[PDB]
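In the form deposited in one PDB entry, a lone chain appears below as structure tokens.
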């Protein structure tokens, strides 16, 4: 959408959620909500309206990969862009994510410039 595309930031670390929240505000994206794990994220996603999901890979209860796989299998939100936030770039993890449907991955920490690039690449490789 425009700057009003509604984001769901998912991370069990509240500090990270605020960090991502503020990097998006700096870019002009003010419509952000948060979730603390995969289950909490699915519960909010069921309300619809969401346009992008930024999710941490390691979370207790339902990690980012399981949250991704579930999103993709849901007919109503199977096209939802999902950006995976990780702490290290391991080959097998990047491929497991990619083959499961991840729109992209970003290694933390990252700046607003890095996030903007990752967002832009996801939009064009999709048609936005």
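Residue numbers count along the first chain shown, from 1.
Although it is not shown, the form deposited with a partner chain bound is what the next lines describe.
Colleague: Only one of 77, 32, 94, 42 has a non-hydrogen atom within 4.5 angstroms of the partner chain in the entry with it bound; which is it?
Modeller: Partner contact (heavy atom, 4.5 Å) among the options: 94.
Colleague: Contact between residue 118 and the partner chain in the entry with it bound at 4.5 Å, heavy atoms?
Modeller: Looking in the entry with it bound, residue contacts with the partner chain include residue 118, since a heavy atom lies within 4.5 Å.
Colleague: Quick check on residue 27: any heavy atom within 4.5 Å of the partner chain in the entry with it bound?
Modeller: Output for residue 27 is no: heavy atoms all beyond 4.5 Å of the partner chain.
Colleague: Is it the case that residue 47, even though its partner is missing from this view, gets within 4.5 Å of the partner chain in the entry with it bound, heavy atoms only?
Modeller: Residue 47 lies outside the contact set for the partner chain.
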